[PDB]
Each structure stands twice: as structure tokens, then as C-alpha cells.
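Colleague: Give me a model of this one.
(chains A, B and C)
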Amino acid sequence: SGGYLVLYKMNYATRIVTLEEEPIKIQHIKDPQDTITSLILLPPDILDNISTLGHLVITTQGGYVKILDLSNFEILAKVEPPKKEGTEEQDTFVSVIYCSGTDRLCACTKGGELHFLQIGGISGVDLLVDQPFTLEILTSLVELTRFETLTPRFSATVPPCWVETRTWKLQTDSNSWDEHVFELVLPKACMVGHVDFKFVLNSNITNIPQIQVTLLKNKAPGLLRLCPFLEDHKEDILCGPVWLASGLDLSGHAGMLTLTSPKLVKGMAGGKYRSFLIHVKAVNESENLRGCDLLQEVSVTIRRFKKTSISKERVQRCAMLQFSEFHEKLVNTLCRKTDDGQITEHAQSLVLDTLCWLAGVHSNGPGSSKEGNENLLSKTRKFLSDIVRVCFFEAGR
Amino acid sequence: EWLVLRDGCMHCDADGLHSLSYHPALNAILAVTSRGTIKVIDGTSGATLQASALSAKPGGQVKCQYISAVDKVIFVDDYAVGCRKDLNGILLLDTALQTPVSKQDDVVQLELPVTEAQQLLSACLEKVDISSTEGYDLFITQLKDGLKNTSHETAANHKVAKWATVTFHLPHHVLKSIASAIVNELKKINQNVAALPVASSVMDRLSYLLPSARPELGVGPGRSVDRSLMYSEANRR
Amino acid sequence: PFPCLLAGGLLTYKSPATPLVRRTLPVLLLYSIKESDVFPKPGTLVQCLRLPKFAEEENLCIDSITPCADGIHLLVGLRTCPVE
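Modeller: Residues are numbered from 1 along each chain as shown, chains lettered A, B, ... in the order given. Next up is the structure itself:
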């Protein structure tokens, strides 16, 4: 026989971890050439991109790779071993592991080769614009506006010149003083809210350095002009390019940057992107540290959008971005010209919350078509006197 | 029928592969050859990061396994079982299965990173004068040759540079005296350089490698503790 | 719920033929691990699970033991034990 697969039952009857004598499942490998040498269990959630017990990948004696449902041990996927180069001999697979970086099954052959096996291969939505400005829907919009802190920790590596919700202190290294790439990987694929970038500079700084930081979409592996490194990855930019002056404190020794963009949410709407790149360059027109070397300390933290009770929030969040006529109705609500009752201070407050939301998200638009921005700013300036009157004269604090 | 897609192959070793291990923390394929050498391969480009012989006995049957719950790699040879975890992003697998020595004169293989070696060389050539220490010239020669060999691989690839290590096959007592001398010399000159934690870590590691060099922990009222040996965090806890 | 060590062992014993014949049988041995603070002592057997008859008739040996991701099921892979 090629071996046996016995599915037993965990016993929690007493206070001591015991086992049950009766096996739930008995499986026989009729083929002698299919003798089991190594096995790996695949979590079922990978395929989500009697309750199912996941799938098992086993290497046979003859090199065949078998993927079987653990519930019934039925041969669902079969992969024959490859041919050794220059001959017809079987390059029999010996042991199999799972490579999460490539999302593949990495198996070793008899001849020392390594092979990878890959598994797997707007209309009709209810928008958040057409409905009127009732209190409940505005409350739902505000609940969609909220943010949540990412927990647990994440994975990110930095150039060695920096030494460690995380922080890193910078050492005076000029090996890569020009370019600095910080690579980050999301722990799980979920709704990306924004990222907070905190820095501390040198205490003896009298003039502000001309240094820029730009978020970038990390590229998936194959299966006034910006710096050449940013130009190489220009087509996949997702924030900025913003300079250092956008967030300096009064002292000049600290600062702040919130990195996000409408293009960011519009591109995560496909639900594929999971890793990002932070690109840092000093742009030019005692320790004479220039630009990147001038930074003293850096701290990074990443937030997420709050997961509400309304599903398919991707299209809802992309609605207002794609359809800008909503803002015009909102400025009408601001003017109190609309006849659908009198607008209360709570509804106006939520309207202003939505307006601050859209201004904040659109504050960093990388090469985006400003036609929507032009339309909302035109609707602003068209009713600017009325809105400032109703807010600063006919409204509370 | 479940669908499986094939997209090519890469060549790991010419002697054949028997057992495998993947390290999720480093995206490193710790492929185990049938001759006992472990080839660490980067999981993002398909390039071998390093090759290690684990300092194990020749001809032994090694078996490498990875545990993601504890994030530790277990190597089981025919004689002894070792446990390893990543340090500064690299797995120090050169002495993964090294058997503990019984005497101070027994030669111990010592692995160090590139940056630690550079700091040690800079201190010993500019800021530390330990020429009176035993084995100092041999250690200096080994450090210089390792650094000049490692710099060539450092200038080419960064990941290969980080995975590259410097190996000193030196007696245990010689290494203890050199490390203690570096620590004392850096303490008397009151210079806070990166060579001091490296020397302290090296001396503590060598002490841990020798069961005969373990005075009892005297935790009791009215009794002082010898701070020089107590520098290890394990003693403090 | 004290931790337990489950070792897959193969027993070889001399039995009369129905000259002594060497018989091989694989069993699961479950031992206590956590020391006492009538709980079984560490190194003393807690449970001796017996594999079914097809393991002994074909002289199989326990190849691999792998708990399932559910936490309620256990998978045991068996293979033909070579004869000395």
C-alpha cells in the first residue's frame, strides 16, 4: 500500500488531553508509487480570495503532487513530476512547502530543482449620493468616515542607517543618503485608511531643508522634475509629491504628514494591493548633513478605515469621488435654499464633517484630474458668502 | 477538478534536495541538500542568499523544520538537536548545530555579521589597543581577511551582504580573553561605540557555549553579585 | 488541560505462530508533560491509543502525525515499515 490517512477526533471529555479510539476517516492509497513522504495543510481562507477541513498537499514516492480535500481525501488536483532536463527521467518531487511570498506551493525535486505551483485562476450598485439628506443616511455616512487603529503590528524594513506603531533613529551614514526606500507589507488585505509619518529634525537647524517624501505603490513581482528613482515608478504613484514645508511645527524641530489619496482608495477598490513603498529624496535647485541625513528620528504608524455594517463600502466610498454633483447638492444644503424642511444644526454639522472628509482625502492628489475639485470649488465660491454667513453668523460655535 | 498553474522552475542545488523549510519571517527558503548543506534562497527574486554547513558532524543526517507559532527553526542531526532564530534579519546558521565544548582550549567556530566585524576592526585599529591580549594578531588577521573578502560581495548585493558572515575558528579561551579585553578597553576609554555590545554579546555567547564556565547565580540577601559575568540579560531575569 | 506528548511508536514482539515470529504494531502513546503543582506524573503513560488492524496486518509504521487546523481532528499518515 501507499500508506494510510487516518482522521481521529480530539477528546476534551476529561481535564486531560486524551484521544478517541474510533477514527472518523480511513483512507487507503492503493497505488504503491503514491507513498506519502511529506504533507502540508492549506488554510481554506486562501481559496476565499461536514465543515470543510482545508486541503492537503502531499508528495508521492513517484513524485506526483496530490491536493485533496481533508474532509474526504478525494483527489482534487494532480500535478505530475517534471522531466529532468536533457532526458525523460522523472524529476520526482520529494518534499513540499508553502511560499506565501509567491502564493505558491514550493516543491523540491530529486535533481535539486525547485518548482512553484500556483493555485487559483460600475453598475448594479446602490450609491450613497442619489438619496436625500435624511438624518439616518448622513449618520451612516459619518460612521463610514471613521477610522480605526491597525492591530497587531506590521512588517516593514528600512535601510540600515536607521536603528529602531514603530520608531527608528537615524545614524550618520552617507552610503545611501540620496535615496531612501522604506518597504511595508500589510498584515492582512483590508480597507486602507491612511498612514501617519512623524519626524524629528536636528536641534541646530536654522534653514528648512528641501526634502520630499512620497508614498508609492510597491510593484507586484512578475510571474521642477521628480528624481529618476521616482520617475521610474511614476506610473504607480499613490500620494504627493508633497514637500517638507506642508507640516512643520512652530519650532521647526518637528512635523507631521498624513499620507492618503483618492487614487489610493480608487485603486484598492480592486482588492489586490497589499504592499507599499515610502520613497525619500532630498531635492536641490561640524556635521554638514544634507537633506536625508539631516533627519534625526522617524516614527511610522498606519490606520484603517472603520468597518461599518454596510457591505460593499468600496463602491460607496468611490461614489462621491466619481460623481461630483453630490457636492453641489451639499452646498445647496449649506445655503438652506432647499425646501425639504429646515436643516438643523446636527445635519449641518454632519454636512461639514463630510466636507472636511473630502477636503482631507483630496488634499494630496497625485496627477489627478482636478475637474471634480474644480466643480466643488466652483460650487463653493458661487455660494461662498452664503455659506460663511450661515456658518459664522447663523450658527453656534 | 482543481486547477494548478505551472510557471517555470529554478535551480537550487546540483546534489539533490530531500527536505525543505520556509522561513516566513525572512521569506527565505531553507532548502536542505542531501549532503547536509542548507541553501538559503530569497523568496522575492529566486536568488540563493547563503550556503551553510551548520558546523555539524560530517556525514550526518540533518533534518530542518520551521515552526511559525514560535518562529523557530529546529535542526536535528544524528547526534544533537539545535534551535535557531533570526538575528538582524539573517539566520546565523553557520553554528546552528555546534555541539557545546567542554574545555576552554577547544576550538569554537564563531560567526559575526559584517557591520559588527567592521566596528570591531575600526575599534581595534583606531580606538582599542589590545595587542597584549592572547591571539590578538590571529584575530586581527582573520578579521581583516574576512572583511576584505566580504566587502566584494557587499558592494554587489545588499541582501547577500547582510546574509554574509565572518567565521573565526578560534579557541574558546582565546576568544574570551579577546572579548573581555575589548570590553575593558572600551570601558576605560569611555567611548560609546558599537564594538562594545558586540564584544559583550560574543563573550556571553562563548560563556554559554561552555557549561564549565557557569558560576552559580547567588541570588540571596546580604550577598553581592559579580556584575561582569552578570551582563547577560538572562542572568538579570 | 495539561500538555501531553504524543509519540508514534512501533512495537516489535516475539509471538508464537498460529519458533517465535516477530510482530510489528504501531500505537500512539500519550504522556503527561506538566509537573504537579491523582494527576499522572510526567514520563508516565496517560493514554495508549491502538491503531486499527490494517496497520498491523501490513506491518505499517507511523510516518507522520499532524493535527488539523480545526483543532478537533487529527491526521495520521502511515507507510509500510521496512523489514530488518
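Colleague: how about the helices in the chain?
Modeller: With no chain named, the answer covers chain A. Using DSSP state H, the helices of chain A run over residues A:135-145, A:228-232, A:262-268, A:313-322, A:325-335, A:345-361, A:371-382, A:384-392.
Colleague: wrong one, I was asking about chain C
Modeller: C:53-57.
Colleague: Chain B contacts on the stretch 101-250 of chain A?
Modeller: Applying C-beta under 8 Å from any C-beta of the partner chain, we find that the stretch 101-250 of chain A lies next to chain B at A:101-102, A:104, A:106-121, A:157, A:160, A:221, A:223. All C-beta atoms are positioned from the backbone trio N, CA, C, and that covers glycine.
Colleague: Strands along chain C, start to end?
Modeller: C:4-15, C:21-32, C:45-50, C:60-67, C:73-80 (DSSP state E).
Colleague: want to throw the ones you listed into a markdown table with mean neighbour count?
Modeller: Formatted as a markdown table, those follow (neighbours: other C-beta atoms under 10 Å in any protein chain shown):
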| stretch | mean neighbour count |
| --- | --- |
| strand C:4-15 | 13 |
| strand C:21-32 | 16 |
| strand C:45-50 | 15 |
| strand C:60-67 | 17 |
| strand C:73-80 | 21 |
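Colleague: For those, give me JSON lines that also has distance to residue A:128.
Modeller: Shown next, in JSON lines, are the strands of chain C (distance: least, C-beta to C-beta, whole Å):
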{"stretch": "strand C:4-15", "distance to residue A:128": "55"}
{"stretch": "strand C:21-32", "distance to residue A:128": "57"}
{"stretch": "strand C:45-50", "distance to residue A:128": "58"}
{"stretch": "strand C:60-67", "distance to residue A:128": "46"}
{"stretch": "strand C:73-80", "distance to residue A:128": "44"}
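Colleague: can I get those strands in a markdown table with distance to chain B?
Modeller: Formatted as a markdown table, these follow (distance: least, C-beta to the nearest C-beta, whole Å):
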| stretch | distance to chain B |
| --- | --- |
| strand C:4-15 | 15 |
| strand C:21-32 | 19 |
| strand C:45-50 | 23 |
| strand C:60-67 | 12 |
| strand C:73-80 | 16 |
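Colleague: which helix is the longest one in chain B?
Modeller: helix B:136-156.
Colleague: I'd say residue A:77 and residue A:120 touch.
Modeller: No - with contact defined as C-beta atoms under 8 Å, residue A:77 does not count as touching residue A:120 (11.3 Å).
Colleague: I'd like the helices of chain A laid out as CSV, including mean neighbour count and distance to residue B:191.
Modeller: Output for those, formatted as CSV (neighbours: other C-beta atoms under 10 Å in any protein chain shown; distance: least, C-beta to C-beta, whole Å):
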stretch, mean neighbour count, distance to residue B:191
helix A:135-145, 15, 54
helix A:228-232, 13, 37
helix A:262-268, 19, 47
helix A:313-322, 18, 56
helix A:325-335, 18, 63
helix A:345-361, 16, 49
helix A:371-382, 15, 57
helix A:384-392, 14, 62
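Colleague: how about whichever helix or strand comes after the longest helix of chain B: buried residues?
Modeller: For helix B:136-156, the succeeding helix or strand toward the C-terminus, using DSSP states H and E, is helix B:158-163. Residues B:159, B:160, B:161, B:162, B:163 are the ones in helix B:158-163 that count as buried (16 or more other C-beta atoms under 10 Å in any protein chain shown).
Colleague: name the helices or strands packed onto the next helix or strand after helix B:158-163?
Modeller: Per DSSP H and E, the first helix or strand lying C-terminal to helix B:158-163 is strand B:166-171. Using 3 or more C-beta pairs under 8 Å, 6 or more residues apart in numbering or on different chains; DSSP states H and E, the elements in contact with strand B:166-171 are strand B:107-112, helix B:136-156.
Colleague: What are the buried residues along the longest one?
Modeller: Yep, that's helix B:136-156 we're talking about. If you call a residue buried by 16+ other C-beta under 10 Å, then helix B:136-156 has these buried ones: B:136, B:139, B:140, B:142, B:143, B:146, B:147, B:150, B:154.
Colleague: Skip the chain neighbours and tell me the closest residue to the fifth one.
Modeller: Residue nearest to residue B:143 in three dimensions, not counting chain neighbours: residue B:121, with 5.2 Å by C-beta to C-beta, 6 or more residues apart in numbering or on different chains.
Colleague: Also the second one?
Modeller: On the basis of C-beta to C-beta, 6+ apart, the spatially nearest residue to residue B:139 that is not a chain neighbour turns out to be residue B:178, at 5.5 Å.
Colleague: Wait, a strand at that neighbour?
Modeller: No - Residue B:178 is assigned helix when assessed by DSSP: H, G, I helix; E, B strand; the rest coil, not a strand.
Colleague: who touches the residue in the stretch 151-300 of chain A that chain B sits nearest to in this structure?
Modeller: Among the residues of the stretch 151-300 of chain A, residue A:223 lies closest to chain B, at 5.7 Å counting by C-beta to the nearest C-beta. Going by C-beta atoms under 8 Å, 6 or more residues apart in numbering or on different chains, residue A:223 touches A:118, B:7.
Colleague: try the one 3 residues further on
Modeller: Shown here is residue A:226, whose contacts under the criterion C-beta under 8 Å, 6+ apart are A:234, A:241.
Colleague: Enumerate the positions of stretch B:5-19 that are buried.
Modeller: Buried residues in stretch B:5-19, counting neighbours by 16+ other C-beta under 10 Å, are found at B:12, B:13, B:16, B:17, B:18, B:19.
Colleague: Which single one of these is nearest to chain C?
Modeller: Once C-beta to the nearest C-beta is applied, the member of the buried residues of stretch B:5-19 that ends up nearest chain C is residue B:19, at 12.7 Å.
Colleague: surely the closest one meets residue A:95?
Modeller: Yes - Residue B:19 is within contact range of residue A:95, at 5.3 Å (criterion: C-beta under 8 Å).
Colleague: Residues that sit against both of those two, list them.
Modeller: With C-beta under 8 Å, 6+ apart as the test, residue B:19 and residue A:95 both reach A:38, A:108.
Colleague: hmm, back to that, tell me which of the buried residues of stretch B:5-19 fall in strands.
Modeller: Using DSSP E, the buried residues of stretch B:5-19 in strands are B:17, B:18, B:19.
Colleague: Please name the residues that touch the first one.
Modeller: Right, residue B:17. A:94, A:95, A:108, A:109, A:110, A:112, A:113, A:114, B:31, B:32, B:33, B:34.
Colleague: what's the burial count for residue B:63?
Modeller: 15 (other C-beta atoms under 10 Å in any protein chain shown).
Colleague: actually residue A:97, not the one I wrote
Modeller: Number of residues near residue A:97 (other C-beta under 10 Å) recorded here: 20.
Colleague: Distance check, it against residue A:105.
Modeller: Residue A:97 is 8 Å from residue A:105, where distance means C-beta to C-beta, to the nearest Å.
Colleague: Overlap of the contact sets of those two?
Modeller: Common contacts of residue A:97 and residue A:105, defined by C-beta under 8 Å, 6+ apart, comprise residue A:40.
Colleague: Is residue B:199 part of a helix or strand, or is it coil?
Modeller: Of the three states, residue B:199 takes helix under three-state DSSP.
Colleague: Wait, it touches residue B:183, no?
Modeller: Yes - contact criterion C-beta under 8 Å: residue B:199 and residue B:183 qualify, at 4.9 Å.
Colleague: Mind checking which of the two has more residues around it?
Modeller: Per other C-beta under 10 Å, whichever of residue B:199 and residue B:183 has more neighbours is residue B:199, with 24 against 21.
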